[PDB]
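Working notes, structure below.
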Protein chains: 2
Amino acid sequence: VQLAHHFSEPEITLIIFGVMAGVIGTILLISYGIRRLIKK
Amino acid sequence: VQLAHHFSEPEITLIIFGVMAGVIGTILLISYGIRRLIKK
């Protein structure tokens, strides 16, 4: 993870990041649900 | 995933919206995946 920005604050980069973060949270929830289904 | 610009003018408003949008997109993808599998 070497990112690809730093100077100034690209509003698009942060907005994109927020969208990505929401997707990641949903994925994490799905993984937990999948584990519950399996496990045992 | 609109990118033409025309919803949240303010940053936090758009970044927060993007995060919400990402979660929605993930949910849509899951529904599509389920359909490909074919439920019932």
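Note on naming: chains are A, B, ... as they come in the structure tokens, residues start from 1 per chain, ligands start from 1 in the order shown.
On all C-alpha atoms, the superposed RMSD for chain B relative to chain A stands at 4.8 Å.
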Go through chain A and flag each residue having an atom no more than 7 Å from chain B; for those, report the closest pair of atoms plus their distance in Å to one decimal, using only C-alpha atoms, ordered by chain and rising number, as a Markdown table.
```
| residue | atom | partner | partner_atom | distance |
| --- | --- | --- | --- | --- |
| A:11 | CA | B:11 | CA | 6.7 |
| A:14 | CA | B:15 | CA | 6.5 |
| A:15 | CA | B:15 | CA | 3.9 |
| A:16 | CA | B:18 | CA | 6.6 |
| A:18 | CA | B:19 | CA | 4.4 |
| A:19 | CA | B:19 | CA | 3.5 |
| A:20 | CA | B:22 | CA | 6.0 |
| A:21 | CA | B:19 | CA | 6.4 |
| A:22 | CA | B:19 | CA | 4.7 |
| A:23 | CA | B:23 | CA | 4.7 |
| A:26 | CA | B:23 | CA | 6.0 |
```
Could those residues be written to a file, using N, CA, C and O atoms, as a short mmCIF file (atom, residue, chain, number, x, y, z; two decimals), in the first residue's frame?
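See part.cif below for the written result:
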```
data_model
loop_
_atom_site.label_atom_id
_atom_site.label_comp_id
_atom_site.auth_asym_id
_atom_site.auth_seq_id
_atom_site.Cartn_x
_atom_site.Cartn_y
_atom_site.Cartn_z
N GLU A 11 -10.40 16.37 -3.45
CA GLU A 11 -11.77 16.06 -2.97
C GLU A 11 -12.24 14.75 -3.59
O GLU A 11 -12.89 13.94 -2.94
N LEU A 14 -10.70 11.68 -1.76
CA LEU A 14 -11.38 11.39 -0.46
C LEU A 14 -12.79 10.87 -0.73
O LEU A 14 -13.20 9.88 -0.16
N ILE A 15 -13.54 11.52 -1.58
CA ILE A 15 -14.91 11.02 -1.85
C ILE A 15 -14.81 9.58 -2.35
O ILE A 15 -15.49 8.70 -1.87
N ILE A 16 -13.93 9.33 -3.28
CA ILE A 16 -13.74 7.95 -3.78
C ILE A 16 -13.38 7.04 -2.60
O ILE A 16 -13.93 5.97 -2.43
N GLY A 18 -14.04 7.36 0.55
CA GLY A 18 -15.24 7.12 1.40
C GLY A 18 -16.10 6.04 0.74
O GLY A 18 -16.52 5.09 1.37
N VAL A 19 -16.36 6.16 -0.54
CA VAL A 19 -17.18 5.13 -1.23
C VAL A 19 -16.51 3.77 -1.05
O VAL A 19 -17.13 2.79 -0.69
N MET A 20 -15.22 3.71 -1.29
CA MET A 20 -14.49 2.43 -1.12
C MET A 20 -14.66 1.93 0.31
O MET A 20 -14.95 0.77 0.54
N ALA A 21 -14.49 2.79 1.27
CA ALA A 21 -14.63 2.37 2.69
C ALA A 21 -16.03 1.77 2.91
O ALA A 21 -16.16 0.72 3.51
N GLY A 22 -17.07 2.41 2.44
CA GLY A 22 -18.43 1.84 2.64
C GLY A 22 -18.46 0.43 2.05
O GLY A 22 -18.91 -0.51 2.67
N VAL A 23 -17.97 0.28 0.84
CA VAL A 23 -17.95 -1.07 0.22
C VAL A 23 -17.18 -2.04 1.12
O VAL A 23 -17.63 -3.14 1.39
N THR A 26 -19.24 -3.18 4.08
CA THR A 26 -20.26 -4.17 3.66
C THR A 26 -19.59 -5.53 3.46
O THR A 26 -20.07 -6.55 3.93
#
```
In chain A, what's helix (DSSP H, G or I) per DSSP? Answer as a tab-separated table (two decimals) with C-alpha atoms, in the first residue's frame?
```tsv
chain	number	residue	atom	x	y	z
A	11	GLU	CA	-11.77	16.06	-2.97
A	12	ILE	CA	-12.35	13.26	-5.50
A	13	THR	CA	-9.71	11.02	-3.89
A	14	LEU	CA	-11.38	11.39	-0.46
A	15	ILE	CA	-14.91	11.02	-1.85
A	16	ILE	CA	-13.74	7.95	-3.78
A	17	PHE	CA	-12.03	6.66	-0.62
A	18	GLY	CA	-15.24	7.12	1.40
A	19	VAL	CA	-17.18	5.13	-1.23
A	20	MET	CA	-14.49	2.43	-1.12
A	21	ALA	CA	-14.63	2.37	2.69
A	22	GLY	CA	-18.43	1.84	2.64
A	23	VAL	CA	-17.95	-1.07	0.22
A	24	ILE	CA	-15.22	-2.54	2.47
A	25	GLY	CA	-17.49	-2.35	5.54
A	26	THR	CA	-20.26	-4.17	3.66
A	27	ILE	CA	-17.77	-6.84	2.55
A	28	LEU	CA	-16.57	-7.30	6.15
A	29	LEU	CA	-20.20	-7.77	7.30
A	30	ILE	CA	-20.72	-10.36	4.54
A	31	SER	CA	-17.58	-12.24	5.60
A	32	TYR	CA	-18.84	-12.35	9.20
A	33	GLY	CA	-22.24	-13.61	7.98
A	34	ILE	CA	-20.56	-16.26	5.81
A	35	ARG	CA	-18.47	-17.43	8.80
A	36	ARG	CA	-21.63	-17.78	10.89
A	37	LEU	CA	-23.26	-19.87	8.14
```
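In this structure, CA of residue 4 in chain A sits 26.5 Å away from CA of residue 7 in chain B.
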